[PDB]
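Worksheet: one structure, shown below.
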Amino acid sequence: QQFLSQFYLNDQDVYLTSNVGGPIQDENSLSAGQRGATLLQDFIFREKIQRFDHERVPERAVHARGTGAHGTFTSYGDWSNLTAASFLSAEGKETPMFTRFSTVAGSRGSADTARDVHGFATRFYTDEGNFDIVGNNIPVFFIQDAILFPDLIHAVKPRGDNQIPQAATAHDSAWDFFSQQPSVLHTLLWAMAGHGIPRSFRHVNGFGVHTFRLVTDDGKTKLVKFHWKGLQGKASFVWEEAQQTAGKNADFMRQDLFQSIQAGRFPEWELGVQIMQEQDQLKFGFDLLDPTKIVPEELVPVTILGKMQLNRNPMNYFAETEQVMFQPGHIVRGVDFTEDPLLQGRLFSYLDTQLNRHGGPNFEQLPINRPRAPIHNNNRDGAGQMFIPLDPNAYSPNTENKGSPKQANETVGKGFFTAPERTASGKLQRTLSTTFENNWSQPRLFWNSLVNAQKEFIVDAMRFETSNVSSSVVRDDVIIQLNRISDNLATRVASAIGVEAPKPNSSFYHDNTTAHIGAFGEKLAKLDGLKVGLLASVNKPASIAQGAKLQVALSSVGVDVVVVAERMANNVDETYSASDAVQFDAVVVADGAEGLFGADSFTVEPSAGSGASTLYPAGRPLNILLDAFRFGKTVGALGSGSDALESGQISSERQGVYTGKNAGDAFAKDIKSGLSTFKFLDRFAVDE
Amino acid sequence: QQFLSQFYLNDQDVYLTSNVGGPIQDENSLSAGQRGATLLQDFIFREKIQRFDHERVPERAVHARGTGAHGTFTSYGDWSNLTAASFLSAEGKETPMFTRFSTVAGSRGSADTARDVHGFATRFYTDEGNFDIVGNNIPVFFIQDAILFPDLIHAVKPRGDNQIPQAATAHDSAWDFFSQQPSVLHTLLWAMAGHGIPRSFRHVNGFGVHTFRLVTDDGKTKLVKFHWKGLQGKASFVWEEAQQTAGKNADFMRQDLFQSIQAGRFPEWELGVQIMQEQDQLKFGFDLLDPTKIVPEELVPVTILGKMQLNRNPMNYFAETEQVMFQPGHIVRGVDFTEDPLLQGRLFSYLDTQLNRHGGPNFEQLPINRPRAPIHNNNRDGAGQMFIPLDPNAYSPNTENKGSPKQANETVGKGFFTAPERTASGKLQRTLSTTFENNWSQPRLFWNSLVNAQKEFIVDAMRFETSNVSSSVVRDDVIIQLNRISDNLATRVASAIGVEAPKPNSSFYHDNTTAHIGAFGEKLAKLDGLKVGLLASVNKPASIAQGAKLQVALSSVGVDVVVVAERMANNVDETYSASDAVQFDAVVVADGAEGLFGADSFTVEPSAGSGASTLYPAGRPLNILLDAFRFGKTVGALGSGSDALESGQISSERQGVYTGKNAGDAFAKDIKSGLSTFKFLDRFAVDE
Amino acid sequence: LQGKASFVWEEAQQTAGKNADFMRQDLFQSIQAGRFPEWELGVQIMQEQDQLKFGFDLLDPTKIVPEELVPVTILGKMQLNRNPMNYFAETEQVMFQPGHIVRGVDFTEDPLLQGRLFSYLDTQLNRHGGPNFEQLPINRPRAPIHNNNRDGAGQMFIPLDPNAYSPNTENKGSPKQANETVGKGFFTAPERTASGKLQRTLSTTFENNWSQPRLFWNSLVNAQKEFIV
Ligand code: HDD
Ligand code: HDD
Ligand SMILES: *[C@@H]1O[C@H](CO)[C@@H](O)[C@H](O)[C@H]1NC(C)=O
Ligand SMILES: *[C@@H]1O[C@H](CO)[C@@H](O)[C@H](O)[C@H]1NC(C)=O
Ligand SMILES: *[C@@H]1O[C@H](CO)[C@@H](O)[C@H](O)[C@H]1NC(C)=O
Ligand SMILES: *[C@@H]1O[C@H](CO)[C@@H](O)[C@H](O)[C@H]1NC(C)=O
Ligand SMILES: *[C@@H]1O[C@H](CO)[C@@H](O)[C@H](O)[C@H]1NC(C)=O
Ligand SMILES: *[C@@H]1O[C@H](CO)[C@@H](O)[C@H](O)[C@H]1NC(C)=O
Ligand SMILES: [Ca+2]
Ligand SMILES: [Ca+2]
Ligand SMILES: [Ca+2]
Ligand SMILES: [Ca+2]
Ligand SMILES: [Ca+2]
Ligand SMILES: [Ca+2]
Ligand SMILES: [Ca+2]
């Protein structure tokens, strides 16, 4: 914060000024008399409204919806035998970071919990330049050449005529593109699985996707995949739950991150690489240059390099988060590119697109984009030039400035250098590499590797999405492509959408698996920032008191207890009116609250003598309980609170339903076990 | 579609070209060899990606989320004794229009069904220039001077540090502003009523808000308020239903408008004016220049001038809807401004802000912004100059171009002119007019005029919103202000939010009313575009066949029947998985579908012998039925389908619950009655 | 076709003081008077195998090919015959690019040409302030435009196809791909090849900076040698 603080404007206990330091008032326009017309000479009015009129900048062309935080990276070692990268040169070396997380398709103001691929962009402000890894929460991408990006994005984004639907692939054009371009199938399966709808940005992993090169000072190279291994654990929603969240809290994930950092529950990821040789490019049975392929961890383990912690929220969202401009071209000595055609073309786009966002060429001068290293070059001028270059002779080679700035290369001045043994060979061509042609084996690998419930979630997602596809041609084409992955997958989807069950095509069928690839099936490592909703009643103060008692039992694992009641009273956090199942990771009915959960509460006539509350909609408490159960959450009841379970026809013998006499350690232990499991998969039907 | 068709690009059965007409292919980057790096000389790659990189423009600073349609205005008379405006000069005279509807606060991907004021912007492409009325669905606005706009908007928009919450006033800053600036109270009550959450853009009225002047050729004036009286009827949601819609269909209102127009169900509004004299400005006990005040129709009736019909969807949303640039400064001869300080400052803002959106001065040259009248002036150059001016002598007065273009004024060339008797008098000042100081009497008028259920909806909205306000100071200030409107209102809100009930402050209390001002209490005029969801089962084909039978009986009133079943089969429109109560204005259980509605369906363990379906989430059918009932919708059941009502504990004795033996005329009659009532308000509890 | 004519320095200076617009005036007036200036387009035609055999590199833009070695073959004639109606709209806004290339022409590996291709597409964003500069009247083609490019500030067209992607079935596979064999598409010369290490180097073939300057010097009349001096 030492660096960014020089740009801070503090407006505590001060008089209002114009942008040029003249004290002003800004509450009334200058008029000709009491009820007269506004005067043109009112410069106070015009400066204020002009700033307002011009507040907005274009949203990012993709990843418009996102949030950011500051953090710090610590290297676990001296990695100089692997890479010349300065930030990895010493055990314990620390580097400031900024990270932005995002969805892909939706505009500004679209819901956090849309089903989508998610961005995971991390900047290291190194002493040898800014280094950005611009990644995703899924290790593979839809397409194999950057030139196809506008096609993919035009297909996924809303229709050109009416701009429907927002932040959704559940329309004809998306599935038309997916079925015409089978390279998309691997990423599609990841997005239709739990990875498309994570619980929070703290509960995902990150991936660089592309194979990169690491390069030593003497020019030796390794090929690597970058991994950000999350230390909280993977947690994901089911679709109906993600939808309800979009309606109740569009800001769910950004709120989760902000609040976690404010509470000192700093999320962490370890940076890892799968280290491979130049000679490994084809020998695994797929091309390392193909961004639709993973390298299974069974073939190449992840070597951990260091740890990122996110530990500070922005002071001003627009200045920091909205204006941060990442680029894969922000590369440092010790890293180099590969010939992955998706990566290759990305390099062009991120430099060009900042001209759109910033409106001029000097976007690297924005505080959030500036390096924490000296800038010395002969670049000059441009709109919004915030520096004053002292050298009036901005050219090389020069004698007029005694030959400075001096050229830096492999051997002098620690210059960037392209890996010296990289070579080109062959005819100039516009072709799809013959090595890129297997679009189906890895999707099948992913499919095989999932627990039954997550296979069902993929099926259910595809049934939902393709039932919204009007074109019979598209529906049929989708089933043909899915069938090349798995005849089981294809048949299960086909049955919902009026397409005839296809015959097996066994070309790519196999039974191989890779470990723990799904979003479901593992317990959480940390419970930090999960929320238990305690459903209480102001009419029974003892029910409210159970909140504090449960909180004390759960405070050591970083879980918050939220007390919900009919109205704000002492020790009540939220009202039933303002509450929903989707706000909580677990729901517990307090002792004495059971009267609010009558089985007839949904439909009873709210007549005068009926006693029904106006403080919340009919059936709200029971709705929260039943939604929590149906969505697969931990459900509990204390004392006579268990009568509410009876009202909702929820049997306590079911997994992830817990009862206890009072909020003691025994009950808290059960709740922690439930929260660790996170979602109880036995509440979801699976195809027979 | 004569005029705009000159700008159409038709891409049917053609070869791909660059932007300069060279045929190209665009599916593979040019590489050095099969697996080589991408070449800089690939201009095809770069032109394609550059267009993509620059697709986005800044969203509108307010009303970013909106939708548009083309239409036509027809004058009902020769209004030349009232105004010189050409578009009103003859009975039957027709004028093309473009109209955009919007919310205010949310960014461009935010949900249609957020609670907000709504925009209602209408352009007339008249034969004497573009004339825009840039209005709202509410006749009063929050603030009394345009200089306060950035304050209001910064307060209602998301927090500066974290950009939370999206498209919502349910946070501290918004209520801080409302309570510090009591002028906001009138609009606040409208927005907290049904008018904040309308069913569609077809079911709202429009208002110009400000007093304007109409001016005849000889300089005589009247003061007017503009009205757009909707011919469909007012229909609005309840809050819990609006939230659910935001999660299921962010595009609900834009989809409704698009589909209605495609179906030939063209929505209509009548343009009306309240006609007043210059001498009436202060006569009614408030100032006509005060945009927080209505003129009750009991005092001045609405004179109907003509009719707008929306009858054509855009061909390309971005080109037409996103790029349309409305301005109150688009005024024509026969109309003039008033000294309303809100209107006065607006004029500056709309000219200035288009420079942000368009990136340059020539925004009036965009096809959607072009006039349908001649352009002849000495304006020149600017980025994006799409014309070639033949006159090289662009100044007045001139002899070099023989004195052309010639000045047009009141008496020659039909020039615009300011109303000739307008005067200024008094000291230049930055003050609040003493005539603007009553912030409370009219909110009380509005409050008095609502049906009991809508009073409750306001209370429930304020309870919801202010329970999300953390500051005790803000919560208390809110109650103090509400108490000056009505002690009943203030007391009912205070009880939910932990504020002591205030004692009456009767300064502005009164019992006056104005008729039909609420969103609730009147039957719909037309049922066009309303939807009946028929819940059927593929296992009982006769259930599905009831759809066609019900449809034939409802066709004549423009109501669609949507057949919902477990899977896509013949005559099935959508699946249970893809369905929700919020999609339908009425829900009917078909004869033979009753087996899907088991009372234990929410919580039953999906064992093999339970025979639970994987085709939809647990309890989906019953959930649709129960939600429909709780939200106040028409519910129905045919034959044995009535068993489903019993499972859901819905008594057929309740209003808006209809049973029928079969899908005949007798049943359609009941459904028509239910749909015209639209919402059954006896299902909502009211404070005693 | 008019012939070469040049000033002496002291004369060029005096002209700058008396008429800053001398050359633009000359052109405008000549066209107005119907004295249309003309140039013949010619090419020196060489083989792929000729790249190094003349004693310098054809990829080196600091070298001429003397007409004694390769004659100029005349292809056609340009005549300039109409002044703009509005200087700003036409002349100021015209945005040239070497990347405006057509089927039948291709690039070479001249590193000056190679990098130019980037600059002229990028720099129009500065001048026009947005991506739709090819829509200015002076920049529009006299051929149909059909593609899936969309939006951008200053979008002057209304694309009717709401499905702007390839491959598609929703628009029946149109616009269709054009290449060497179908639809008269642009194509890169098919026998061009790449070989060698990726590198940031000055080609060893580019190293003679002095022989051709001497050729030029030798070839001038005495007075023009003096003018250089
Ligand atoms: C050639 C087009 C192209 C392609 C093929 C990709 N991207 Fe990209 N991406 C852009 C073009 C782009 C962009 C248009 O340049 C954006 C929009 C805003 C920006 O700064 O860059 C961007 C933004 C963007 C962001 C948001 C950065 C932020 O938070 O501000 C992320 C996380 C990614 N991309 C990630 C990826 C991944 C992991 C890719 C495949 C492995 C990928 N993109 C392929
Ligand atoms: C001085 C600032 C200011 C104030 C006091 C107002 N507006 Fe405004 N409004 C703008 C400044 C603005 C703007 C920033 O200029 C916008 C954003 C985009 C644009 O074209 O104008 C705009 C947009 C905008 C739109 C959207 C037009 C469209 O669909 O593109 C509507 C419907 C309104 N306004 C309506 C109103 C009403 C009914 C007002 C009060 C009676 C009002 N505004 C006061
Ligand atoms: C690098 O490799 C050398 C030789 O294998 C080894 O002795 C040295 O310890 C390594 N350096 C580090 C920092 O690991
Ligand atoms: C780097 O620059 C130095 C000094 O100018 C030069 O001698 C050397 O050849 C360069 N090194 C490499 C590896 O290109
Ligand atoms: C698994 O993968 C290996 C290596 O590619 C392959 O040889 C083997 O046949 C596969 N086995 C199965 C179970 O299909
Ligand atoms: C306008 O009023 C004049 C004078 O009273 C009269 O000629 C006529 O009735 C009116 N004309 C129109 C346009 O109705
Ligand atoms: C309008 O212009 C005409 C022609 O110059 C002039 O005679 C007349 O007085 C002008 N002013 C008004 C107010 O009509
Ligand atoms: C051009 O496209 C056609 C039709 O798609 C294809 O068959 C052919 O291989 C392509 N021609 C060349 C020379 O690449
Ligand atoms: Ca290729
Ligand atoms: Ca629900
Ligand atoms: Ca249990
Ligand atoms: Ca004033
Ligand atoms: Ca009834
Ligand atoms: Ca600009
Ligand atoms: Ca070189």
Side-chain angles (χ1 to χ4, degrees), chain A residues 58-68 98-104 117-123 132-153 187 206-210 226 289 291-292 321-329 339-360 363 368 383-384 426 429-436, chain B residues 27-38 42 45-46 48-50 52-56 58 355-356 358-360 383-384, chain C residues 125-130 153-154:
Chain A
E59 71 182 22
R60 296 160 167 75
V62 281
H63 303 260
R65 178 69 182 179
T67 38
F98 190 80
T99 297
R100 190 170 174 281
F101 296 111
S102 56
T103 50
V104 176
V117 174
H118 299 75
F120 196 128
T122 55
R123 170 163 296 160
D132 295 346
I133 303 174
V134 187
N136 276 340
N137 82 306
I138 290 161
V140 287
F141 196 59
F142 289 109
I143 50 170
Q144 291 167 320
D145 191 317
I147 200 172
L148 299 177
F149 198 61
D151 300 293
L152 165 72
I153 298 302
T187 301
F207 302 95
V209 181
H210 312 291
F226 287 114
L289 302 182
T292 67
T321 300
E322 188 64 23
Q323 289 193 127
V324 68
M325 291 161 188
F326 291 96
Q327 295 194 49
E339 292 81 1
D340 173 329
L342 191 68
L343 175 60
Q344 285 280 305
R346 284 179 77 198
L347 301 178
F348 171 78
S349 174
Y350 292 74
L351 183 67
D352 173 49
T353 198
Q354 315 312 349
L355 295 163
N356 167 273
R357 290 169 58 185
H358 185 69
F363 44 86
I368 200 63
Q429 57 191 269
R430 293 180 162 88
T431 57
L432 176 57
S433 177
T434 55
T435 63
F436 278 25
Chain B
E27 299 289 287
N28 290 292
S29 298
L30 180 68
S31 60
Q34 188 175 203
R35 293 173 72 253
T38 300
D42 192 350
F45 174 85
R46 282 185 289 96
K48 184 174 173 179
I49 299 309
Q50 181 167 304
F52 174 80
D53 285 345
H54 293 264
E55 284 185 10
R56 303 291 175 262
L355 296 165
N356 169 272
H358 184 69
Chain C
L125 295 163
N126 167 273
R127 290 169 58 185
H128 185 69

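Whatever order the structure lists them in is the order used to number ligands and atoms, beginning at 1. Naming convention: chains lettered A, B, ... in sequence-line order (proteins, then strands); numbering from 1 in each chain.
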Study note, to complete from the structure: Checking heavy-atom distances from atom 38 (C) of ligand 1 to each of A:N137, A:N136, B:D53, the winner is A:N136
Revision key, fill the gap. Nearest heavy atom to atom 24 (C) of ligand 1, choosing from B:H54, A:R346, A:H63, belongs to A:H63
So which heavy atom in the protein is nearest [atom], and how far is it from that ligand atom?
atom	value
atom 29 (O) of ligand 1	A:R100 NH1, 2.8 Å
atom 43 (N) of ligand 1	A:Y350 OH, 2.9 Å
atom 3 (C) of ligand 1	A:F149 CD2, 3.4 Å
atom 27 (C) of ligand 1	A:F326 CD1, 3.8 Å
atom 41 (C) of ligand 1	A:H210 NE2, 3.3 Å
atom 18 (C) of ligand 1	A:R60 CB, 3.7 Å

Practice item. Apply the test salt bridge (charged side-chain N to carboxylate O under 4.0 Å, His left out) to residues B:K48 and B:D42: give CA-CA distance (whole Å), side-chain angles for both, the deciding distance (0.1 Å), then the verdict. Key: CA-CA 10 Å; B:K48 184 174 173 179; B:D42 192 350; over 6 Å; no
Please work out, at 4.0 Å between heavy atoms, whether the side chain, the backbone, both, or neither of [X] comes within that distance of ligand 1.
X	value
A:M325	neither
A:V134	both
A:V62	both

Review point. Is there an N/O/S atom in A:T431 at a distance below 3.0 Å from the Ca ion (ligand 9)?
Key: yes
Review point. Has A:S349 got an N/O/S atom less than 2.8 Å from atom 8 (Fe) of ligand 1?
Key: no
**Study point:** Contact (N/O only, under 3.5 Å) between A:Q354 and ligand 1
**Key:** yes
Point to revise | Aromatic plane relationship, A:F120 with A:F101 - under 30° parallel, 30 to 60° tilted, over 60° perpendicular | key: perpendicular
